[PDB]
Structures are given as structure tokens and as C-alpha cells.
Amino acid sequence: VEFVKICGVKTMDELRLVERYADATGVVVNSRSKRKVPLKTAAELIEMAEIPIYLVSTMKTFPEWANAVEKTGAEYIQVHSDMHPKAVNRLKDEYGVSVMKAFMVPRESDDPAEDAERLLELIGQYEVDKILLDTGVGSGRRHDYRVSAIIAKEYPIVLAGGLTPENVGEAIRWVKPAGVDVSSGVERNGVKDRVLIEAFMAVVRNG
Ligand code: NA
Ligand code: NA
């Protein structure tokens with residue numbers, strides 16, 4: 001019925017773990033991230049993966065992406081930058097990658113419906129396999145949930161940012177997204193952790 005991604009694996013151990021639970025995972029490259037790995041290391045993880053594994057990056061220009069895809073043999077990419085729809089399509093046509101495009105939830109301003117219309121317009125510029133909404137922190141988070149809830153009615157989105165076993169349940173029947181993306185919420189000491197993932201999954205696994 002749904003889609004769970006566990007993002008930001010850095011080792012084979014972490015990867016084989018998430019594959020027991022998640023519908024997809026991700027390896028971060030060329031980004032500002034505690035989870036960044038070098039391209040070669042990403043390549044090795046991508047080679048052994050049994051589920052979809054996204055090449056996750058904030059890379060902004062096509063050659064950067066083209067080169068990363070070439071070195072990793074990624075079949076999936078998560079585009080976590082405002083890269084032009086045409087550049088995305090180029091990567092799709094020239095490399096056969098499937099794309100999840102990440103969108104920051106805009107907070108400014110000030111009614112959730114207005115940011116949602118600004119985001120819907122932005123989303124509709126893209127021709128991509130999946131849409132990921134990256135929610136933020138602070139009290140502005142409930143605003144992000146409402147924005148995301150509007151969006152999730154027009155597209156089967158993947159809800160992301162700040163999800164934990166303790167808050168994902170609320171997140172889900174608030175936004176009712178098609179999927180959820182989790183990274184640090186299932187890490188014990190920066191390592192993908194089984195009991196946390198199971199606890200996270202236990203909340204998801206109800207429909
Ligand atoms: Na293990
Ligand atoms: Na088990």
C-alpha cells in the first residue's frame with residue numbers, strides 16, 4: 001500500500017539491515033551531510049543492494065550528477081537541489097535513472113494553503129517518479145505538515161525530515177502521504193539501528 005525509505009546508509013551492515021524493512025534506501029554523495037560517502041563507496045553499496053537504493057545528493061548541475069551516476073551506476077537518484085526540470089530529464093534520458101525530487105517545504109508565508117499552492121506550482125514543473133517533501137523543525141513544523149497535507153492530496157508524496165518512531169504516527173495520519181523517508185530518527189549513535197527501525201516500522205505497519 002505504501003513506501004518506506006530508510007536514507008543514508010554508509011556500510012554494508014547498515015544496508016543489509018535496512019533491506020529487511022524498507023522499500024528503498026539511499027546513499028548520500030557530494031552533499032553537506034554526516035552521511036556522505038565517497039563515490040566509490042557509494043558504488044560498492046549500490047552494487048550489492050537488493051532493494052532500490054537512491055543516489056542522494058544536493059548536487060546542482062547536470063555534469064556533477066552525470067559524473068556521479070557514471071561512477072556509481074546508480075539506477076535511482078534523489079535530487080535534493082533546485083535543479084532544472086530539463087536537467088533532470090536529461091539525466092533520465094541519457095542515463096536511465098529514475099528520480100525522486102526533494103522539495104523544501106516553504107514556510108513563508110503565512111497560510112499553509114498559500115505555500116502549498118506555491119509548492120504545487122513548483123512540483124508541477126517536474127516530470128519525476130517520486131516527490132519527497134522535506135519538512136523542517138521548530139514550531140513551524142505543524143505548518144509544514146498542513147502544507148504537506150494539501151500537497152499529498154494531489155500527488156503520492158514521500159514525507160521526510162525529522163521523523164522518529166515517536167512522532168511518525170502523528171505525521172502519517174496528519175499528512176496521509178504515500179510514503180515516508182527516515183534517516184537520523186532510526187540511528188543509534190549514527191548507526192542504523194534494528195530496534196529503532198522496527199519501532200519506526202511498527203508505527204507504519206498499520207496501513
Ligand atoms: Na546486523
Ligand atoms: Na527481525
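Every number here is computed from the coordinates shown, using simple stated rules; none is lab data. In this analysis, Cβ positions are derived from the backbone assuming ideal geometry, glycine residues included, and neighbour counts consider all displayed protein chains.
Show me the strands (runs of 3 or more DSSP E) entirely contained within the stretch 1-117 in which 3 or more residues are more than 16 Å from ligand 2 (Cβ to nearest atom) and hydrophobic (A, V, I, L, M, F, W, C).
Of the strands (runs of 3 or more DSSP E) lying wholly inside the stretch 1-117, those with at least 3 residues that are more than 16 Å from ligand 2 (Cβ to nearest atom) and hydrophobic (A, V, I, L, M, F, W, C) span 24-28, 53-57, 98-104.
Restricting to the stretch 88-114, count the residues that are farther than 30 Å from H143 by Cβ and either of a type outside the set (D, E) or without any contact (Cβ under 8 Å) to a residue 12 or more places away in the chain (or both).
In the first step, residues of the stretch 88-114 are kept if they are farther than 30 Å from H143 by Cβ; the result is 89-98.
Those still in the list that are either of a type outside the set (D, E) or without any contact (Cβ under 8 Å) to a residue 12 or more places away in the chain (or both) too: 89-93, 95-98.
Here the count works out to 9.
Report yes if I6 is closer than 20 Å to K130 by Cα and away from ligand 1 (no atom under 16 Å from the Cβ), otherwise no.
no
Could you list, in sequence order, the residues of the stretch 152-207 that are of a type in the set (D, E) and more than 16 Å from ligand 1 (Cβ to nearest atom)?
Within the stretch 152-207, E154, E166, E170, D181 qualify.
Applying the selection to the stretch 13-28, what residues are surrounded by fewer than 18 Cβ atoms within 10 Å (Cβ to Cβ) and either more than 13 Å from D193 (Cβ to Cβ) or away from ligand 1 (no atom under 11 Å from the Cβ) (or both)?
As a first pass, look at the stretch 13-28 and keep what is surrounded by fewer than 18 Cβ atoms within 10 Å (Cβ to Cβ): 13, 16, 20, 23.
Correct list: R16, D23.
Do any residues in the stretch 13-37 that are aromatic (F, W, Y) have Cβ atoms under 6 Å from those of residues that are within 16 Å of ligand 1 (Cβ to nearest atom) and not in a strand (DSSP E or B), where the two are at least six apart or on different chains, and which pairs are they?
Going by the 6 Å Cβ cut-off, the qualifying pairs are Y21/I197; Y21/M201.
State the number of residues belonging to the stretch 153-202 that are of a type in the set (A, V, I, L, M, F, W, C) and either assigned to a strand (DSSP E or B) or away from ligand 2 (no atom under 16 Å from the Cβ) (or both). First the steps, then the outcome.
Going residue by residue through the stretch 153-202, those that are of a type in the set (A, V, I, L, M, F, W, C) are 157-160, 163, 168, 171-172, 174-175, 178, 180, 182, 186, 191, 195-197, 199-202.
Now drop any that are not either assigned to a strand (DSSP E or B) or away from ligand 2 (no atom under 16 Å from the Cβ) (or both), which leaves 157-160, 163, 168, 171-172, 174-175, 178, 180, 182, 191.
Number of matching residues: 14.
Looking only at the stretch 1-34, filter to residues that are under 18 Å from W65 (Cα atoms) and not hydroxyl-bearing (S, T, Y); which one of those is nearest to the chain's Cα centre (by Cα)?
Among those that are under 18 Å from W65 (Cα atoms) and not hydroxyl-bearing (S, T, Y), it is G26.
Within the stretch 142-154, which residues are free of Cβ contacts under 8 Å to residues at least 24 places away in the same chain and closer than 26 Å to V99 by Cβ?
The one that is free of Cβ contacts under 8 Å to residues at least 24 places away in the same chain and closer than 26 Å to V99 by Cβ: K153.
When the residues of the stretch 160-207 are narrowed to those that are within 18 Å of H143 (Cβ to Cβ) and not aliphatic (A, V, I, L, M), which ends up nearest to the chain's Cα centre (by Cα)?
Per the criteria, the residue is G161.
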